[PDB]
Each structure stands twice: as C-alpha cells, then as structure tokens.
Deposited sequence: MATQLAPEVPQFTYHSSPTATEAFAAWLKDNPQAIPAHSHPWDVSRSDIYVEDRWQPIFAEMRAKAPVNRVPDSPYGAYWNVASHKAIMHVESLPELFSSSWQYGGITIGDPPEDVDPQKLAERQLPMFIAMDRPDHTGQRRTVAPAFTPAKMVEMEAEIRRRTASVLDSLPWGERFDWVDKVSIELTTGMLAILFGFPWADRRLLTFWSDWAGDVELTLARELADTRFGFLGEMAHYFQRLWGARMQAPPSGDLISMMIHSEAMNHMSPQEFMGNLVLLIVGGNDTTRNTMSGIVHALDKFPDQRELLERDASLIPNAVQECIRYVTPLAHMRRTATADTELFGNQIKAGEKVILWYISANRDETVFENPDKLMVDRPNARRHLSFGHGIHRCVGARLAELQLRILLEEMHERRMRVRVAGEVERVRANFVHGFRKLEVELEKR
C-alpha cells in the first residue's frame, strides 16, 4: 500500500494529506502499510481507535526498548555498544510503572495553581516581545515571535541562563540520513555537558530542582539523562512554536474567523483549542504491539508498529462537523487529540494553553492583525508539523 504510505514528508510540506486520511477514515481506519523507509506499520486513523489504543499501554507499548514513540526505529546495521549509545530512554517512551514515577516528578510545575503563579511573568514577556515588533514591515514571525516566546518559556522552567537552546531541539526532534547521525550525537553531547554543569550547580522550583529531588530521576544513566533532557526540551519547545506559527497562518487563511475573534475575544480560550486541533503540531505518535490482538477487525501481530495519526483524528467527522474549516467558536474543540490521550497525555497542555491564550490576548489589546506576506516554509517531516519560516506584516 504505497498509496496509504503517509510517512512521506511531501504531503505535509505540500499540505495535501487531507484527501488521503479521509479515504482511510472512510474505507479502513486501521490498515497495514507493508513497506516504507520505516518498514511495515499500521495506520491508526480514526478518533476512537487512537483513544482506544492509547488507553491500553501494557498492550500497545511506548517503551524505547521496542523502539520509542516515533515512526522511526534505531539501526540499519550500525556499530555495537561502542556506538549503540545513540538510542535515548525517556518517560514518554517508558511503560508503567517506570513512567508513572517519572511523570509525577515534573507534573507539579504544571498544576493550575502554578499557572496562576506563572501567568504574570509570561504576560510581561509576551507584551515586551510583541511590543518590539515593527508595524508595516515584513519579518519572520517564527523567528521574531514564536521561537522567542517558547524558548523564553522553556528557559524560565529550567532556570536556564537567559533563540539559544532551540539549536539542540531542532537537532533532537533526519533519522533517514545515515551521514548526519554522528554530528547529531555531537550536539546532544554539548547540551548533556552543559546540563550536567547546571545539575551540579543546582545540586547544592525549576525542573532540575524537581528532578534533583526525585529518586526517580536523581540517578539517571548517561543515556536516560540525555533522553529525559531531550523530552522536556523538545516537549516544551517545538510544539508551542508551531502552534504559534499555525495560529496566525490559520487565521490569515480563515479571516471570517479572525474578524469574529476581533469582534468577540471572550472566544480566545476556545480559539486556542481550535488552532491546536487544526494545526496538530505533532501529527502522530507511535506504539508497538506487545502481543497478537484484534484492533478494529484487524489482526495486529506482536511487535508491529502502530502509528497513531492525530492529524487524521483531528478531522474525524464522527466528532468534528465540517472538520477542515477553522471554527474558532466550535463547541467541542476541546476533544481534539493534539496532546494525545490517556496516561501519557501531554503533561504540558495547560502551560501551552497559557502561553497561547496570553499571546492571543495582548495581541488583541494592540488590535494586531497579522497578514502572511513573504515566504512560508512548513517543516519537512511526518512527525513535527508546522513552520520553519513564516514572513508577515501587521494591521
């Protein structure tokens, strides 16, 4: 099924996946892809099947041992433990019970209590950044806004020395280029050392603080430490950037909506949820079947890749009436799957929602309107989904 091989990056760059996942959703929501630059695998394409799969982790594992949570798998041939150091264990890629203790030790930084406590500094930062922007001129929003605010946000959380650490997120987050694996492991080396120094420094409220004071994560293997660092870095970086990029693009595509949001900005909390759905910053997550099973009248064999395509689920007509339309006021926006579902569901969702609400808010104080002007580059990927560059002009 070359025709339902949706691991190809063109269709996300060319933004033409819509008809393909619709065919799947109609004829076979679950279906097996026999070969691809990623071997064989199952599409899981409907809303209910993703929620289903994701609610049985003992049976659809997300463990790094089986291969982690992406559509890629480590090797080729590759060199042994002398260079089989590459693969990174991380709690997103851990089964229970290990996952539970690891999540529980970052979770308190994302209590609602702590979002009330973090609102104020975010608002100022957003206000500032947003106030430095040149009305009339054309500039790169990704760079000037979305990277700035998100990697800003990420710095706060770690207690990082104040675009700086976004370097080794675009690095960690290409798996198809043999030649480039060495220079990648290099870069992740750098940050590992850097974050190691930072570890000893704190070791004397940030995620280091909370990780240092946790028996889960105080004694992490070199590999795991790199992997968990990759998680919290990428987790709280790329997804929010791209949502931020997609928002202005989506609204520039759907101005009907923008001028309804302009009229009524009580609709922002929901606007955030409709953009997160529309954009789907991460287009999929992976699981690996743990044993033989019926999934949706399909016989999943033990060990097979199961790809959960949120990007399809977020346009499942069973739940989203007129799905390809951005409907800011859409009353069930909330029930999208851009944060996943179940035990691994985004531990950060609330923080993202803040950043994005606050932005939409002090934007609409300045009565900003963002027009997409110059070049517009989507990320070349089947995993990350959003923009490298998005040039824009203002009201």
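>> Taking the deposited sequence as numbered from 1, list the residue ranges that were left without C-alpha coordinates.
In response: In sequence order, the gaps with no modelled C-alpha are 1-38, 201-203, 215-217, 249-252, 444-445.
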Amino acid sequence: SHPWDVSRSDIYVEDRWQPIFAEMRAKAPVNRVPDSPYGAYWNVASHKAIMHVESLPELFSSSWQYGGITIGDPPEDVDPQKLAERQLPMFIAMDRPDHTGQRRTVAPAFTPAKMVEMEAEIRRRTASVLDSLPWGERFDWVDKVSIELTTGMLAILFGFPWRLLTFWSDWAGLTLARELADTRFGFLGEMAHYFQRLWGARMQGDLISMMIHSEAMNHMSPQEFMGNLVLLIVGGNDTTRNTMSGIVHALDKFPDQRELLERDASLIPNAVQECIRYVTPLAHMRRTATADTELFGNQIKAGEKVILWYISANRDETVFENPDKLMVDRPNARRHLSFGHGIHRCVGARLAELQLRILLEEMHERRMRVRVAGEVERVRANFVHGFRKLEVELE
From here on, numbers count along this sequence of modelled residues.
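> Which wins on mean Cα temperature factor, 328-336 or 364-372?
Replying inline: The stretch with the larger mean CA B-factor is 364-372.
> Which of the two stretches, 75-83 or 145-153, shows the higher mean Cα temperature factor in the record?
Replying inline: According to the entry, 75-83 carries the higher average C-alpha B-factor.
> At the C-alpha atoms, which of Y278, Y194, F296, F110 reaches the highest B-factor in this entry?
Replying inline: Highest C-alpha B-factor among the listed options: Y194.
>> Looking at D316, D95, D252, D292, which one carries the largest C-alpha B-factor according to the PDB entry?
In response: Answer, based on the entry's C-alpha B-factors: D252.
> According to the PDB entry, is the CA B factor of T288 in the bottom, middle or top third of its chain, that is, lowest, middle or highest?
Replying inline: Its C-alpha B-factor, which the entry lists for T288, ranks in the lowest third among residues of this chain.
>> By the recorded C-alpha temperature factor, relative to the other modelled residues in its chain, which third is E391 in?
In response: For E391, whose C-alpha B-factor we compare with every modelled residue in the chain, the answer is the middle third.
>> Quick check on the deposited entry: does the C-alpha B-factor of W162 sit in the lowest, middle or highest third of its chain?
In response: Tercile = highest for this residue's CA B-factor.
>> Ranking the modelled residues of this chain by C-alpha B-factor as given in the entry, is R138 in the lowest, middle or highest third?
In response: According to the entry, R138 has a C-alpha B-factor in the chain's highest third.
>> Going by the CA temperature factor in the PDB record, which third of the chain does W309 belong to: lowest, middle or highest?
In response: It falls in the bottom third of the chain.
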